[PDB]
Amino acid sequence: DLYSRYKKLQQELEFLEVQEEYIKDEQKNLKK
Amino acid sequence: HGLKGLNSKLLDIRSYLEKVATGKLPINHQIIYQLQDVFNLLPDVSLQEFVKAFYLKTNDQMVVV
Amino acid sequence: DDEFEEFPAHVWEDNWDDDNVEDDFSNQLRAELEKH
Amino acid sequence: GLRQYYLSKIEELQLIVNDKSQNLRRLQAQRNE
Amino acid sequence: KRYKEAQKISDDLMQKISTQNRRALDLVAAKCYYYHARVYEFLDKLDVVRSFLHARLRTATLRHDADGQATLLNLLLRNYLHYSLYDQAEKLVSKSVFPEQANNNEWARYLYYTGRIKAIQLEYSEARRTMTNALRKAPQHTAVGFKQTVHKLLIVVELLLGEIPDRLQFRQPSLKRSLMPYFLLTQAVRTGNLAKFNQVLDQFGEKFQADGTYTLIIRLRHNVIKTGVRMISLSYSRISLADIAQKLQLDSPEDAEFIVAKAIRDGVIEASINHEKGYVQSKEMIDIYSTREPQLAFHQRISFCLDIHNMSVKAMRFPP
Amino acid sequence: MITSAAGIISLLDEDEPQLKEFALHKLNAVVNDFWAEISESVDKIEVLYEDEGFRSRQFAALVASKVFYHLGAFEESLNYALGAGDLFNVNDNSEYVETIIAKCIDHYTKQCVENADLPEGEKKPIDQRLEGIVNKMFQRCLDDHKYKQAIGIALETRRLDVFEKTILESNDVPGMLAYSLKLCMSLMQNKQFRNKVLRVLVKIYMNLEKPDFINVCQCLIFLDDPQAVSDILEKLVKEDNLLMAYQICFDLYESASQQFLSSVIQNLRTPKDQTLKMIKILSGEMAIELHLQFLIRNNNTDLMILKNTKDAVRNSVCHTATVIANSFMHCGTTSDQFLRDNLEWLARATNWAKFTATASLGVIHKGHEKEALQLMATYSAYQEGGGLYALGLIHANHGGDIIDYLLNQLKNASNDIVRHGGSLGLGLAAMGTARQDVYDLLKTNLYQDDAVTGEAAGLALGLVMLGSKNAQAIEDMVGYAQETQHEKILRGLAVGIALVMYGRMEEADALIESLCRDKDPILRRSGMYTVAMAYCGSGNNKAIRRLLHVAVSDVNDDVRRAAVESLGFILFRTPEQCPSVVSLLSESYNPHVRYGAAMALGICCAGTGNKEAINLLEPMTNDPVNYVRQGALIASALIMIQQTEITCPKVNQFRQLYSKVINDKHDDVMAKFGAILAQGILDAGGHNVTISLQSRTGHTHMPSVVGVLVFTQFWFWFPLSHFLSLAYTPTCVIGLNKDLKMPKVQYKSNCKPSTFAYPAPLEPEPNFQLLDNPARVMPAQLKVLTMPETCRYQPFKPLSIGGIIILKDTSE
């Protein structure tokens, strides 16, 4: 339970970082 | 890109010089003349006037920035 | 937003020109000329 | 006891998730704009 | 004013906060800590505050809080200062890292504390720069007491270092009442007459101690001559040792040599000395612009501005 | 108070031991406040600790660790706490002890993972004492009875030993094992560590009074290892556990891969009646006849809506649209209505329409192996090729002698159309089952450069060599692609190269990078699809990084669309995740980007009926572009597959939207096509089938994934859209007895027979429903499903699992 949610938090934080880089790269491409 | 081009060109000239030094081709006093002209033309940076001017104008550039 | 309660408590701008000197010149020039 | 340690870990990770998600929100506003 | 039930209730709240390990509770915790500390200070006991405060500070460092960390650091520093645990507090601050993201109020308090520390510890240049920064970051609208304190300390440190602090502060409205004696002091020193200096000390010692200065007053008892030689140097290039001695009334014109040499030790003035014919040569000032340091200052400020821009664009908020 | 430690610290300098120890004690007493001064004077305490002649080693280390804690070092502090020996208390549950334990735990986990990978080198000292602290925490947690937490920390540290000990000496071994299995399946990432934990769990399962060979074989499948399952099955055969073996075999057929099943088959072939039954079941023979009879007896299909559509049909485009939709409706049913009734309407379609019509016929008679080669006696070059293609679809993934027959015919193919159709059919028949002779015939046909034949050649090559990744064929296909000037064949090779290498989740970096840095847009698309096939369901953040970056930055809209669709394939095991990304995309500049976002959502929520997905699809549909609306429609239909109003309160909205658009004027021809396919989707297969990429065992279904991908690849060739027959997953549960037949017994759902009833063809309400062994049981309408209080037959496997269950029978 507790560690299930802990590792879920790990996954989603990592994925959210991936979202950040996604949006930065896409913002550059959209400016172009 | 300009740095890369300069590096490649000097690689080429070095290779030719090595060929000549090994004797794979005859000495061309003209090409030599040109090379030592280049070296003679190389500048001096630690001139203690060039450096003062350099700092001064870099200061102006940084001020505007 | 804060007050630091912990810490409780001629219209012109002049320097220390006060300098408690006599007449700026009268005496000075008079004595100087007398000597000179 | 253990629960204390993992509770802390979750606390810091959640703080990070909070700040990063709101940053993502700002960037999403920019991108959609 | 009922600080028995009040202190007990504050302690109860402290138990609540200690039990409650919620992040957002951090700011309320910091304020609670401030106010409990204030009431215990009024009770004039502290000590138990020192211990509990310390535990909380370590807790709020283990959990990466910034505002609470800085606030508690300020409280504990002031606690040390009140009982005059200056050297211990010096170790504390030196070994503890202050947070950058702390409120103007917290930075002002912390800078004032560090300034008093170093001023007592004979680091006057740091004292000046730090307290001036503190005053700059302090609010202008209010906190007249804090302003008066900071001005007093800056005045004394600058006077020791030689600089005669501007008359703007003295003519400030909310400060002149609180600073008459300091103005009398600066007048006495600028005159360079120990007679009026010491009689001023006689008249206004009580408030001087009340702030806590006599140590600094004796430091001035010293630095009067330092300031005299500083201005002498500033107004000459090759003056004679005997001439400066008689100008400063310093009998035995070798005491003057020693004094100027000590000034060189300290760094108050920049001038070599030649005893061969007995004269002080002021160092020839250089074109600093013809150097790299302007580049360094501009790089620092460039980073400053770019950081401000970046943090602002972070702070952008957008509705859904 | 003391106000200064100067005195005590200075006193400690003196050699007098007694004094030294007492000073140490008082310093430990007053450390919390004067940590700064103690810091200043550490050096001497370091000397006192290190010189082991002094008999206060543990105390010195403890005080030093506390001091460095107060400072903030947290590393030399940790080492000093470690050197304090056992003097450190663990049950004091103070802040200092707790935090140092946290540092110990994280540091130790770091060295654990480090060594975890390191084959043997490095083998960090793992200060056996650090091992001691971690073990002590293990026992303390066991005392507190935090079995979950002990298990998880063991997993993180890789300490399979501690994990097994805690799970065994837990409070409930079965529940603990289920929890561990869930964590291993979902959260664990490292393939090797995941396999190690799988092996440990399998051994634990075997170490049970009645080992759950279901879970055993499931984990074995995740571990490959056909030998283990074969030996387990043979041991069960000796045990005479016929029902247990039947259930295991059905689970194996549902989940595992053809290669695994074949390996096990041959291993078993290495009483005879039971062995033959096992072999037949594992091959799946009659395991599809069951579903066939199931649909036949439950073929609820409202053909009136399709009559409406065929009245609304004007263009040959919508003509084929409705042909496909009708094929979807019928799915694998022997009953054909339009084809046997609207003969003239069929004749109205020709050219590349006879092909699709025959393919629809194949889809309709899917799986009907019995009359194959005689069913096609019913149904020019287009119709001949369509007959070959439909025969292949009938034998989709079921490679009987029809593979040999198709090989012979395709070799004896004297037309581009015939060659293309036979290539498609043979590729479907031998999909996955990489066979050198078949690959050879495909290579020959492919080298017979021709767009018509070439596209089918590429597709069939990918199918045949799927997930089997032969570098030889990989290089051959890449070279032929880079050398042949026919963008059609080029698309075929794109799909082929994506398919060939389905498995090898991570063993794709070389080829993937090559393709993604390649020249041709079609080859970049090939690379993106190859990434999809490689990382299906892995959620690999690196893969998604690549896919989003390319889909956003590339200069070709076709490949951008393909890349977003690949993102869709990858994120299916975590449906909730995809919506955010697909939204930010879908609201895009590039209409192909928006279309790709729509189709990615469709893949994400295939068979799931998410709510947020439809919330996001509805604004899209009714967009100022044609194909974008087409994709919105198809994705919405895919999501709402086999869904009702109560479960999802927008199915009515979208069904009415389909009807309006089909019976509209100013929408585009392809918009009507999308709507028609959307209807075919929603009401596919007697409204009795669904689309889920992963088997009910949480196991990715390769035939389903390949079918969905190929179908999505119809932009460039309509005839490919028939592939969804593959993804069609019978939404049924069959109770089978030892006699290998249906027993006339009923199932019960403890739920309203209003939220999960068939859609209305175009007591207030009880909470009970009943059904028979052929049971349309939707995913959500499966957990609540239960067997009645008492019956002759009882579910040998938990019914909430779903799928095909064996029934243990009472006396008679």
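Among the residues of the range E:243-282, those that are among the charged types (D, E, K, R), part of a loop (DSSP other than H, G, I, E, B) and under 21 Å from E:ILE225 (Cβ atoms) comprise E:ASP251, E:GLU254, E:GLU270. Scanning the range F:512-525 for residues that are surrounded by 18 or more Cβ atoms within 10 Å (Cβ to Cβ) and either in contact with a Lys or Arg (Cβ under 9 Å, 6 or more places away or on another chain) or among the basic types (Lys, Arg) (or both) gives F:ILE512, F:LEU515, F:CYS516, F:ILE522, F:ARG524, F:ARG525.
Taking residues in the range D:1-27 that are facing another protein chain (nearest Cβ under 7 Å), and partners anywhere that are of a type in the set (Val, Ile, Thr) and surrounded by 15 or more Cβ atoms within 10 Å (Cβ to Cβ), the pairs with Cβ atoms closer than 6 Å and at least 6 places apart or on different chains are D:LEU27/A:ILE23.
Residues checked against (1) more than 14 Å from chain E (Cβ to nearest Cβ); (2) not in a helix (DSSP H, G or I):
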| site | (1), (2) |
| --- | --- |
| B:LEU17 | yes, no |
| B:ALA21 | yes, no |
| B:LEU25 | yes, yes |
| B:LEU35 | yes, no |
| B:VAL51 | no, no |
| B:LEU56 | no, no |
| B:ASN59 | no, no |
| B:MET62 | no, no |
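Among the residues of the range F:474-507, how many are buried (at least 23 other Cβ atoms within 10 Å of the Cβ) and part of a helix (DSSP H, G or I)? If you could, list the steps in order and put the result at the bottom.
Going residue by residue through the range F:474-507, those that are buried (at least 23 other Cβ atoms within 10 Å of the Cβ) are F:477, F:481, F:489-502.
Okay, now just the ones that are also part of a helix (DSSP H, G or I), so F:477, F:481, F:489-500.
Going through the range F:474-507 one residue at a time, the tally reaches 14.
Which of the residues that make up the range F:474-517 are among the charged types (D, E, K, R) and farther than 22 Å from F:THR444 by Cβ?
The first filter runs over the range F:474-517 and keeps only residues among the charged types (D, E, K, R), leaving F:475-476, F:483, F:487-488, F:491, F:504, F:506-507, F:509, F:513, F:517.
Residues satisfying the conditions are F:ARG504, F:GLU506, F:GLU507, F:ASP509, F:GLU513, F:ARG517.
Applying the criterion of being closer than 22 Å to F:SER335 by Cβ and out of contact with any helix residue (DSSP H, G or I) (no Cβ under 9 Å at 6 or more places or on another chain) to the residues of the range F:274-291, the residue that is surrounded by the most Cβ atoms within 10 Å (Cβ to Cβ) is F:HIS291.
Pairs are defined by a Cβ separation below 6 Å, a sequence spacing of at least 6 or placement on different chains, a first member in the range A:1-30 that is facing chain F (nearest Cβ under 8 Å) and within 21 Å of D:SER8 (Cβ to Cβ), and a second member that is outside any helix (DSSP H, G or I) and not basic (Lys, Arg); the pairs so defined are A:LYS7/F:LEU187.
Within the range F:643-659, the set of residues being in contact with a helix residue (DSSP H, G or I) (Cβ under 9 Å, 6 or more places away or on another chain) and not hydroxyl-bearing (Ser, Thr, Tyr) comprises F:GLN643, F:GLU645, F:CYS648, F:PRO649, F:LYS650, F:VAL651, F:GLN653, F:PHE654, F:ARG655, F:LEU657. The set of residues from the range E:122-177 being assigned to a loop (DSSP other than H, G, I, E, B) and within 11 Å of chain C (Cβ to nearest Cβ) comprises E:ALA138, E:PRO139, E:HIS141, E:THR142, E:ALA143, E:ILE164, E:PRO165, E:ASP166, E:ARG167. Quick one: in the range F:104-114, of everything that is out of contact with any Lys or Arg (no Cβ under 6 Å at 6 or more places or on another chain) and buried (at least 16 other Cβ atoms within 10 Å of the Cβ), which residue is farthest from F:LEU62 (Cα to Cα)? Step by step, filter the range F:104-114, then rank; the result is F:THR109. Counting only helices (runs of 4 or more DSSP H) that sit wholly inside the range E:39-100, those with at least 3 residues that are among the hydroxyl-bearing types (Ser, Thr, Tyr) and within 9 Å of chain F (Cβ to nearest Cβ) are E:48-62. Selection of helices (runs of 4 or more DSSP H) fully inside the range F:1-103 by the criterion of at least 1 residues being within 14 Å of chain E (Cβ to nearest Cβ) and surrounded by 14 or more Cβ atoms within 10 Å (Cβ to Cβ) returns F:6-12, F:31-40, F:42-50, F:57-71, F:76-83. Here is the figure for the range F:172-199: residues that are within 23 Å of the chain's Cα centre (by Cα), in a helix (DSSP H, G or I) and farther than 18 Å from F:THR697 by Cβ total 5.
Of the residues screened, F:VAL564 is one that is within 22 Å of F:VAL706 (Cα to Cα), within 12 Å of another protein chain (Cβ to nearest Cβ) and surrounded by 24 or more Cβ atoms within 10 Å (Cβ to Cβ). Counting the residues of the range F:293-351 that are charged (D, E, K, R) and not in a helix (DSSP H, G or I) gives 4. Checking each residue in the range F:583-601 for being part of a helix (DSSP H, G or I) and within 12 Å of chain A (Cβ to nearest Cβ) picks out F:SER583, F:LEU584, F:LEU585, F:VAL593.
Screening the candidates F:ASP437, F:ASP518 for the property of being assigned to a helix (DSSP H, G or I) and charged (D, E, K, R) yields one hit, F:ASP437. Listed by position, the helices (runs of 4 or more DSSP H) inside the range F:693-812 whose residues that are farther than 27 Å from F:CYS249 by Cβ number at least 2 are F:702-712.
Among residues of the range E:303-318 that are part of a loop (DSSP other than H, G, I, E, B), those with a beta-carbon under 7 Å from a residue that is aliphatic (A, V, I, L, M) at least six positions away or on a different chain give the pairs E:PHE318/D:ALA29. Residue count for chain C under the criterion of being more than 14 Å from chain E (Cβ to nearest Cβ), surrounded by 10 or more Cβ atoms within 10 Å (Cβ to Cβ) and not polar (S, T, N, Q): the result is 4. Return the only residue of F:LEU493, F:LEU523 being closer than 26 Å to A:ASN29 by Cβ and not hydroxyl-bearing (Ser, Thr, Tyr). Unique residue meeting the criteria: F:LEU523.
Which count do you get for residues in the range F:159-213 that are aromatic (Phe, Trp, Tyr) and either in contact with a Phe, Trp or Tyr (Cβ under 6 Å, 6 or more places away or on another chain) or under 22 Å from F:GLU506 (Cα atoms) (or both)?
The number of residues fulfilling the criteria is 1.
Residues in the range E:222-265 that are loosely packed, with under 15 Cβ neighbours inside 10 Å and within 18 Å of E:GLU123 (Cα to Cα): E:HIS222, E:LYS262, E:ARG265.
Every residue, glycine among them, receives a Cβ derived from its backbone with ideal geometry; neighbour counts consider all protein chains shown. Throughout, read-outs are computed from the coordinates displayed, never taken from laboratory work.
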